[PDB]
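Chemist: I have a structure I would like to understand better, so I am pasting it below and will then ask my questions one at a time.
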Amino acid sequence: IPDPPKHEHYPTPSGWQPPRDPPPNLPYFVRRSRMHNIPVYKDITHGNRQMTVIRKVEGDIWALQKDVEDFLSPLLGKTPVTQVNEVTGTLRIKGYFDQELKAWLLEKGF
Amino acid sequence: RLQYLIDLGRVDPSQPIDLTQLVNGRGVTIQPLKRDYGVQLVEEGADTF
Amino acid sequence: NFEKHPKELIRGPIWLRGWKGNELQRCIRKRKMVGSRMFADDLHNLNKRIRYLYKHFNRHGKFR
Amino acid sequence: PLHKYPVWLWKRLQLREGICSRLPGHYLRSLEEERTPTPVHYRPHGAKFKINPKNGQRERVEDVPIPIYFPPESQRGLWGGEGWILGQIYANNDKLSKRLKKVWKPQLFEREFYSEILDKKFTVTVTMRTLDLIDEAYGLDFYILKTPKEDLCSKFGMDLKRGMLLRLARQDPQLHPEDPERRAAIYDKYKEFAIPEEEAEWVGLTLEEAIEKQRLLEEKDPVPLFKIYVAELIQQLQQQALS
Amino acid sequence: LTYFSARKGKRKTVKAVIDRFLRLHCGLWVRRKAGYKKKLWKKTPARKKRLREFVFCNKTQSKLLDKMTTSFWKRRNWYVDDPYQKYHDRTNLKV
Amino acid sequence: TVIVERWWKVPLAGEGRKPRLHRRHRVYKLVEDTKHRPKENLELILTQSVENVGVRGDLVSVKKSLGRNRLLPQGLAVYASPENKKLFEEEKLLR
RNA sequence: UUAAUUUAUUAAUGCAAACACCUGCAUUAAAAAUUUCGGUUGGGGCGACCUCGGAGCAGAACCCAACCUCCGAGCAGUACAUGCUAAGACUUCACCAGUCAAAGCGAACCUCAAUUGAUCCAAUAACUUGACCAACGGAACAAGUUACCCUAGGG
RNA sequence: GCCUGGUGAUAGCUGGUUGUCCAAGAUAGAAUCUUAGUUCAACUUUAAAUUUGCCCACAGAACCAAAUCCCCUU
RNA sequence: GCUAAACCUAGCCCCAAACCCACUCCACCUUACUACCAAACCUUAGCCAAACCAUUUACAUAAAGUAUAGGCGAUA
Ligand SMILES: [Mg+2]
Ligand SMILES: [Mg+2]
Ligand SMILES: [Mg+2]
Ligand SMILES: [Mg+2]
Ligand SMILES: [Mg+2]
Ligand SMILES: [Mg+2]
Ligand SMILES: [Mg+2]
Ligand SMILES: [Mg+2]
Ligand SMILES: [Mg+2]
Ligand SMILES: [Mg+2]
Ligand SMILES: [Mg+2]
């Protein structure tokens with residue numbers, strides 16, 4: 001799959017935007033996908049479990065769980081109920097917050 | 001979708017975009033069995049194109 | 001460089017190299033792949049097994 | 001276990017093993033062939049493709065032939081490409097009635113013919129379709145020399161064919177003795193079907209009858225080893241004579 | 001139904017089901033009402049208006065119809081000028 | 001001859017295969033019997049002064065019974081082939 | 001067997017084919033052949049019944065049985081906007097069917113309780129129409145009997 | 001008749017279904033050649049999502065007894 | 001402490017590969033195993049399923065359980 005071409009200004013008309021150089025000095029890091037998109041996926045199960053997955057998380061997932069939990073709790077009032085999977089390196093939040101986490105992770109520089 | 005493919009280098013707009021170029025960029029999966037007769041353009045995303 | 005699949009590494013009956021099925025499917029596949037040169041009463045036993053296993057999977061059980 | 005070869009090849013293998021493999025190639029070709037007969041008991045379709053009315057899409061059509069049964073009297077006489085039709089009917093042409101079985105027999109006629117090549121009147125049981133094909137061929141000699149073995153489908157018609165073809169293959173003076181002009185006129189009328197004599201003997205032989213003919217060709221009294229040893233020893237004394 | 005065919009060893013669809021029902025991609029089966037073209041002379045126009053409707057199916061009717069067809073019938077279909085195409089995706093459910 | 005037609009249609013076989021039949025493909029329907037058709041005349045050239053049907057050299061169309069029973073055995077007529085119509089055009093050119 | 005379905009089999013006719021037999025197509029007989037003989041039931045049988053509605057049982061939201069007690073129904077009449085659409089509801093304890101309906105467009109300026117029948121198939125250019133399918137959720141069409149009965153079971 | 005085969009015939013019927021330990025768990029019905037059975041429902045079970053459930057007070061529910069429905073508080 | 005108990009290895013199964021066999025002498029289709037005299041082919045049917053049964057009911061991959069057929073139902 002090709003490297004995306006260098007554009008003049010960002011974001012691109014589709015809203016794509018490359019990861020920034022240098023990588024930010026957070027404790028954690030999130031990769032991109034094959035397709036250079038930031039990896040926050042929605043996920044339904046049982047027909048009513050709406051949830052969202054941050055997936056290629058490399059580093060300290062517990063800092064990422066603290067920062068996500070600090071980011072979403074004004075949008076909910078309560079702390080969001082999450083689950084880190086330290087093995088695979090995912091983080092799983094309950095309820096759809098895909099657009100907010102994609103925008104948020106673009107702000108963070110990943 | 002097509003602006004998205006052009007931005008990420010997957011479809012080169014400085015050449016003609018036939019159906020082979022949308023398949024090789026893997027922008028559109030079309031299957032001739034199951035009687036797809038090809039692509040239809042769709043007006044979604046006309047503003048911001 | 002993808003010049004062979006791993007399923008071309010397995011040796012066995014010709015009707016189940018790189019193929020997995022339940023028993024009715026193993027019998028159907030064996031009959032259509034090798035059944036023409038099967039022995040007479042083996043072919044006959046196998047026809048009766050497909051006929052039995054047909055009548056079992058399709059008409060008997062708990063879940064439907 | 002399994003056989004090495006499928007069972008429907010077994011017959012074919014027997015045509016390579018023993019007595020069958022020494023048969024002439026033009027005979028074994030005439031057994032291996034599988035061309036279809038002319039439809040007699042069913043309308044053929046027109047073409048390969050056909051637009052059906054129900055969905056208006058062109059769909060390919062084959063025409064599956066009806067199985068014909070030939071009682072052995074059909075091989076004693078000349079029927080057409082035809083025989084009995086052993087089948088079933090629904091009782092009053094609706095599928096919701098009794099399926100009950102039917103045999104369709106053709107209409108037979110003892111007629112009589114005159115083969116000009118063999119020069120003989122035969123009394124043959126024949127059908128109306130055979131008489132029609134004789135008329136379309138312009139004579140029983142042409143009807144027999146033109147029709148394919150498969151299509152003709154009589155052992156007797158094939159024996160007539162071997163008779164006529166050996167008569168043409170030899171240019172026989174026994175057709176009309178003491179009338180050579182009539183012989184040359186008859187032989188030039190059917191000049192189209194000239195076959196060599198080495199091929200015209202094997203025409204219309206069944207496989208068992210060809211096995212017999214080939215068995216009588218290559219049967220010999222064995223050579224007494226006296227003569228073989230004399231040949232070898234006079235060979236050796238003629239090698240010593242030239243030393 | 002036939003769970004394993006004798007030729008392929010696959011499931012088969014019941015073709016009565018296809019002949020009477022319409023599977024929308026979200027999982028809803030649409031049907032026609034029974035008797036919508038019978039004895040119209042003795043039905044009130046309210047009732048005739050009720051019978052000429054495309055009526056959705058039950059949950060268990062829906063699962064019974066899913067089990068009686070195969071995955072070919074459960075598939076996205078991008079037809080040209082499809083009348084039912086705006087009814088495939090399910091808008092604005094809150095479960 | 002008796003032409004039949006199968007009731008139950010045969011699934012088509014392909015190009016290098018034979019159609020494998022079932023016991024329901026043995027159920028035929030009588031589409032035609034050829035003997036009950038309008039009967040045709042055949043063309044013969046008479047080669048004698050035969051009765052009122054014609055004179056010498058003249059090609060006519062006879063009932064099949066008279067043609068096959070009385071004319072063609074007895075050498076009264078020859079078939080209307082493209083071989084002997086030549087010979088009898090050339091016989092008519094020598095009068 | 002005068003139950004239902006056949007006439008493949010014979011035997012006759014009749015018509016075609018052919019120049020009486022044979023073949024083809026009808027038709028009538030005999031000989032048979034295939035298949036069947038619903039349910040309720042103070043054990044079973046006779047009688048009676050099998051679907052829909054009203055009342056009592058079931059006194060006051062809903063529901064509630066019986067070979068329980070009493071009435072009924074299987075239409076008729078009027079109108080021809082008894083047009084078309086459409087929020088929201090009820091519902092015979094499922095489903096299927098049933099009911100009610102504002103707003104709207106178009107116009108004027110239905111009564112009765114029940115008053116009924118699915119799917120497939122037919123008929124029709126179309127709109128529509130089609131069962132005492134009353135065994136009334138209806139198998140497209142199948143009777144009596146066996147102390148000769150038989151088998152699997154139950155009392 | 002008997003034998004072999006189809007044949008592992010079919011059986012809504014009878015009989016039988018093999019380690020351990022814990023947990024949750026019983027009585028409306030409708031159709032059906034149906035009442036020795038099935039299908040749907042009701043009840044039951046697990047998993048999931050959410051927000052109310054149960055008990056109930058005044059008021060309220062028709063003309064021709066015991067109670068119930070409804071129902072905020074608690 | 002009797003009766004007993006134990007035991008591995010005859011062979012076999014499933015594949016693969018490969019196309020098998022068959023006159024020491026004598027006797028052997030008559031009452032086979034006896035030395036020797038005047039004619040073959042002709043639709044499988046049904047079980048079963050359809051909860052009866054009556055038409056019907058299966059006998060490489062992928063297209064595809066698609067087109068089709070079907071008491072338009074079981075099913076194919
Ligand atoms: Mg998912
Ligand atoms: Mg209800
Ligand atoms: Mg009934
Ligand atoms: Mg009923
Ligand atoms: Mg059993
Ligand atoms: Mg049963
Ligand atoms: Mg407990
Ligand atoms: Mg019934
Ligand atoms: Mg029962
Ligand atoms: Mg409340
Ligand atoms: Mg049955």
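Quick note on naming: the chains in the structure tokens go A, B, ... in the order shown, residues restart at 1 in each chain, and ligands are numbered from 1 in order of appearance.
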Which residues form the shell of 12 Å around ligand 6 when you count only C-alpha atoms (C1' of nucleotides) and all ligand atoms, given as JSON, numbers by chain?
Modeler: {"G": [152], "H": [10, 11, 12, 13, 36, 37, 38], "I": [51, 52]}
Chemist: Counting only C-alpha atoms (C1' of nucleotides) and all ligand atoms, what residues are within 10 Å of ligand 8, given as number ranges by chain?
Modeler: G: 38, 135, 137-139; H: 32-34
Chemist: Residues within 9 Å of residue 12 of chain E, please, as a PDB file with C-alpha atoms (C1' of nucleotides), in the first residue's frame. Count only C-alpha atoms (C1' of nucleotides); anything in the same chain fewer than 5 positions from it doesn't count.
Modeler:
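Listed below is the output, around-v3.pdb:
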ATOM      1  CA  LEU E   1     -35.407 -28.174   5.338  1.00  0.00           C
ATOM      2  CA  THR E   2     -32.338 -29.872   3.908  1.00  0.00           C
ATOM      3  CA  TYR E   3     -29.349 -29.207   6.142  1.00  0.00           C
ATOM      4  CA  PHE E   4     -26.868 -31.128   4.024  1.00  0.00           C
ATOM      5  CA  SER E   5     -27.687 -31.788   0.376  1.00  0.00           C
ATOM      6  CA  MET E  68     -35.007 -21.336   5.999  1.00  0.00           C
ATOM      7  CA  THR E  69     -32.906 -19.326   3.531  1.00  0.00           C
ATOM      8  CA  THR E  70     -29.173 -19.121   2.996  1.00  0.00           C
TER       9      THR E  70
ATOM     10  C1'   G I  65     -27.966 -24.236  -3.138  1.00  0.00           C
TER      11        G I  65
END
Chemist: Within 12 Å of chain E, which residues of chain H show up when using only C-alpha atoms (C1' of nucleotides), listed as a PyMOL selection string?
Modeler: chain H and resi 39-41+48-50
Chemist: So which residues of chain A fall under helix (DSSP H, G or I) by DSSP, listed as a PyMOL selection string?
Modeler: chain A and resi 61-75+98-108
Chemist: Skipping near chain neighbours, those fewer than 3 positions away, what residues fall within 12 Å of segment 30-34 of chain B using only C-alpha atoms (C1' of nucleotides), listed as a list in words?
Modeler: residues 19, 20, 22, 23, 24, 26, 27, 37, 38, 39 and 40 of chain B; 72, 73, 75, 76, 77, 78 and 79 of chain E; 62, 63, 64 and 66 of chain I
Chemist: Please produce a file of the residues just selected, as a PDB file, in the first residue's frame, where the atoms kept are N, CA and C atoms (P, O5', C5', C4', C3', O3' and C1' of nucleotides).
Modeler:
ATOM      1  N   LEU B  19     -12.047   1.636 -14.395  1.00  0.00           N
ATOM      2  CA  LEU B  19     -12.457   0.748 -13.330  1.00  0.00           C
ATOM      3  C   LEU B  19     -11.280  -0.096 -12.839  1.00  0.00           C
ATOM      4  N   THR B  20     -10.260  -0.302 -13.674  1.00  0.00           N
ATOM      5  CA  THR B  20      -9.104  -1.061 -13.230  1.00  0.00           C
ATOM      6  C   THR B  20      -8.327  -0.276 -12.182  1.00  0.00           C
ATOM      7  N   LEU B  22      -9.606   1.814 -10.014  1.00  0.00           N
ATOM      8  CA  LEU B  22     -10.308   1.761  -8.748  1.00  0.00           C
ATOM      9  C   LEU B  22     -10.193   0.379  -8.122  1.00  0.00           C
ATOM     10  N   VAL B  23      -9.957  -0.652  -8.928  1.00  0.00           N
ATOM     11  CA  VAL B  23      -9.766  -1.959  -8.338  1.00  0.00           C
ATOM     12  C   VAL B  23      -8.341  -2.089  -7.813  1.00  0.00           C
ATOM     13  N   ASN B  24      -7.354  -1.585  -8.550  1.00  0.00           N
ATOM     14  CA  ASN B  24      -5.979  -1.794  -8.138  1.00  0.00           C
ATOM     15  C   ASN B  24      -5.586  -0.937  -6.946  1.00  0.00           C
ATOM     16  N   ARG B  26      -7.833  -0.590  -4.731  1.00  0.00           N
ATOM     17  CA  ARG B  26      -8.655  -1.306  -3.774  1.00  0.00           C
ATOM     18  C   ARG B  26      -9.631  -0.349  -3.129  1.00  0.00           C
ATOM     19  N   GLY B  27     -10.084   0.614  -3.935  1.00  0.00           N
ATOM     20  CA  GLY B  27     -11.089   1.572  -3.527  1.00  0.00           C
ATOM     21  C   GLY B  27     -12.474   0.953  -3.576  1.00  0.00           C
ATOM     22  N   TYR B  37     -22.755  -4.871 -12.396  1.00  0.00           N
ATOM     23  CA  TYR B  37     -22.341  -4.392 -13.699  1.00  0.00           C
ATOM     24  C   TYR B  37     -21.376  -3.225 -13.596  1.00  0.00           C
ATOM     25  N   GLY B  38     -20.819  -2.961 -12.417  1.00  0.00           N
ATOM     26  CA  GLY B  38     -19.756  -1.974 -12.315  1.00  0.00           C
ATOM     27  C   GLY B  38     -20.016  -0.978 -11.196  1.00  0.00           C
ATOM     28  N   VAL B  39     -19.522   0.245 -11.365  1.00  0.00           N
ATOM     29  CA  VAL B  39     -19.557   1.261 -10.332  1.00  0.00           C
ATOM     30  C   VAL B  39     -20.627   2.266 -10.699  1.00  0.00           C
ATOM     31  N   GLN B  40     -21.306   2.819  -9.697  1.00  0.00           N
ATOM     32  CA  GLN B  40     -22.073   4.032  -9.910  1.00  0.00           C
ATOM     33  C   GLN B  40     -21.517   5.122  -9.006  1.00  0.00           C
TER      34      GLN B  40
ATOM     35  N   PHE E  72     -26.964 -16.268   0.643  1.00  0.00           N
ATOM     36  CA  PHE E  72     -27.137 -15.538  -0.596  1.00  0.00           C
ATOM     37  C   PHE E  72     -28.247 -14.514  -0.428  1.00  0.00           C
ATOM     38  N   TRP E  73     -29.261 -14.881   0.347  1.00  0.00           N
ATOM     39  CA  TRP E  73     -30.445 -14.055   0.458  1.00  0.00           C
ATOM     40  C   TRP E  73     -30.286 -12.984   1.527  1.00  0.00           C
ATOM     41  N   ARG E  75     -27.808 -10.700   1.704  1.00  0.00           N
ATOM     42  CA  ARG E  75     -26.610 -10.044   1.188  1.00  0.00           C
ATOM     43  C   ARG E  75     -26.962  -8.644   0.679  1.00  0.00           C
ATOM     44  N   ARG E  76     -26.001  -7.701   0.661  1.00  0.00           N
ATOM     45  CA  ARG E  76     -26.301  -6.366   0.156  1.00  0.00           C
ATOM     46  C   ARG E  76     -26.570  -6.454  -1.334  1.00  0.00           C
ATOM     47  N   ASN E  77     -27.565  -5.702  -1.766  1.00  0.00           N
ATOM     48  CA  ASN E  77     -27.936  -5.706  -3.156  1.00  0.00           C
ATOM     49  C   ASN E  77     -28.084  -4.265  -3.596  1.00  0.00           C
ATOM     50  N   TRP E  78     -27.171  -3.842  -4.460  1.00  0.00           N
ATOM     51  CA  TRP E  78     -27.179  -2.482  -4.947  1.00  0.00           C
ATOM     52  C   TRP E  78     -27.888  -2.425  -6.292  1.00  0.00           C
ATOM     53  N   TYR E  79     -29.211  -2.589  -6.283  1.00  0.00           N
ATOM     54  CA  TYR E  79     -29.970  -2.522  -7.526  1.00  0.00           C
ATOM     55  C   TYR E  79     -30.030  -1.102  -8.090  1.00  0.00           C
TER      56      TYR E  79
ATOM     57  P     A I  62     -16.249 -24.436  -3.324  1.00  0.00           P
ATOM     58  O5'   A I  62     -16.566 -23.237  -4.336  1.00  0.00           O
ATOM     59  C5'   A I  62     -15.906 -21.982  -4.106  1.00  0.00           C
ATOM     60  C4'   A I  62     -16.023 -21.155  -5.353  1.00  0.00           C
ATOM     61  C3'   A I  62     -17.444 -20.935  -5.849  1.00  0.00           C
ATOM     62  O3'   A I  62     -18.084 -19.887  -5.163  1.00  0.00           O
ATOM     63  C1'   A I  62     -16.028 -21.503  -7.655  1.00  0.00           C
ATOM     64  P     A I  63     -19.656 -20.021  -4.908  1.00  0.00           P
ATOM     65  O5'   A I  63     -20.245 -19.649  -6.342  1.00  0.00           O
ATOM     66  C5'   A I  63     -19.954 -18.329  -6.888  1.00  0.00           C
ATOM     67  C4'   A I  63     -20.385 -18.259  -8.331  1.00  0.00           C
ATOM     68  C3'   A I  63     -21.854 -18.584  -8.587  1.00  0.00           C
ATOM     69  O3'   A I  63     -22.573 -17.417  -8.283  1.00  0.00           O
ATOM     70  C1'   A I  63     -20.477 -19.707 -10.161  1.00  0.00           C
ATOM     71  P     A I  64     -24.162 -17.452  -8.193  1.00  0.00           P
ATOM     72  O5'   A I  64     -24.495 -18.675  -7.242  1.00  0.00           O
ATOM     73  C5'   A I  64     -24.436 -18.494  -5.820  1.00  0.00           C
ATOM     74  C4'   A I  64     -24.748 -19.818  -5.179  1.00  0.00           C
ATOM     75  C3'   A I  64     -23.550 -20.556  -4.572  1.00  0.00           C
ATOM     76  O3'   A I  64     -24.104 -21.405  -3.589  1.00  0.00           O
ATOM     77  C1'   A I  64     -24.408 -21.847  -6.264  1.00  0.00           C
ATOM     78  P     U I  66     -30.536 -21.076  -3.740  1.00  0.00           P
ATOM     79  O5'   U I  66     -30.286 -20.230  -5.072  1.00  0.00           O
ATOM     80  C5'   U I  66     -29.740 -18.894  -4.939  1.00  0.00           C
ATOM     81  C4'   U I  66     -29.299 -18.417  -6.300  1.00  0.00           C
ATOM     82  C3'   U I  66     -30.217 -18.778  -7.456  1.00  0.00           C
ATOM     83  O3'   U I  66     -31.285 -17.878  -7.600  1.00  0.00           O
ATOM     84  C1'   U I  66     -28.021 -19.362  -8.059  1.00  0.00           C
TER      85        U I  66
END
Chemist: Write as a VMD selection string the residues around ligand 7, taking 10 Å as the cut-off and counting only C-alpha atoms (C1' of nucleotides) and all ligand atoms.
Modeler: chain H and resid 22 to 25
Chemist: Write out as a VMD selection string which residues come within 6 Å of segment 28-39 of chain C when counting only C-alpha atoms (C1' of nucleotides), dropping same-chain ones fewer than 4 positions away.
Modeler: (chain C and resid 15 43) or (chain D and resid 2 to 3 6 to 7)
Chemist: Please list as an MDAnalysis selection string every residue within 8 Å of residue 80 of chain A, counting only C-alpha atoms (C1' of nucleotides) and excluding residues in the same chain fewer than 5 positions away.
Modeler: chainID A and resid 69 72:73 93:94
Chemist: Report as a PDB file with N, CA, C and O atoms, in the first residue's frame all protein, DNA and RNA residues lying within 7 Å of residue 7 of chain F, evaluated on only C-alpha atoms (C1' of nucleotides), omitting residues in the same chain fewer than 5 positions from it.
Modeler:
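What landed in part37.pdb:
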ATOM      1  N   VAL F  27     -40.641 -40.620 -18.315  1.00  0.00           N
ATOM      2  CA  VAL F  27     -42.054 -40.363 -18.531  1.00  0.00           C
ATOM      3  C   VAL F  27     -42.204 -39.510 -19.777  1.00  0.00           C
ATOM      4  O   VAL F  27     -41.834 -38.344 -19.757  1.00  0.00           O
ATOM      5  N   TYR F  28     -42.711 -40.093 -20.864  1.00  0.00           N
ATOM      6  CA  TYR F  28     -42.777 -39.355 -22.112  1.00  0.00           C
ATOM      7  C   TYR F  28     -44.204 -38.937 -22.395  1.00  0.00           C
ATOM      8  O   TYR F  28     -45.146 -39.456 -21.813  1.00  0.00           O
ATOM      9  N   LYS F  29     -44.326 -38.017 -23.346  1.00  0.00           N
ATOM     10  CA  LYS F  29     -45.603 -37.509 -23.795  1.00  0.00           C
ATOM     11  C   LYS F  29     -45.616 -37.571 -25.313  1.00  0.00           C
ATOM     12  O   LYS F  29     -44.668 -37.137 -25.958  1.00  0.00           O
TER      13      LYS F  29
END
Chemist: Residues within 10 Å of ligand 1 should be enumerated using only C-alpha atoms (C1' of nucleotides) and all ligand atoms and returned as a PyMOL selection string.
Modeler: chain A and resi 41-45+50-53
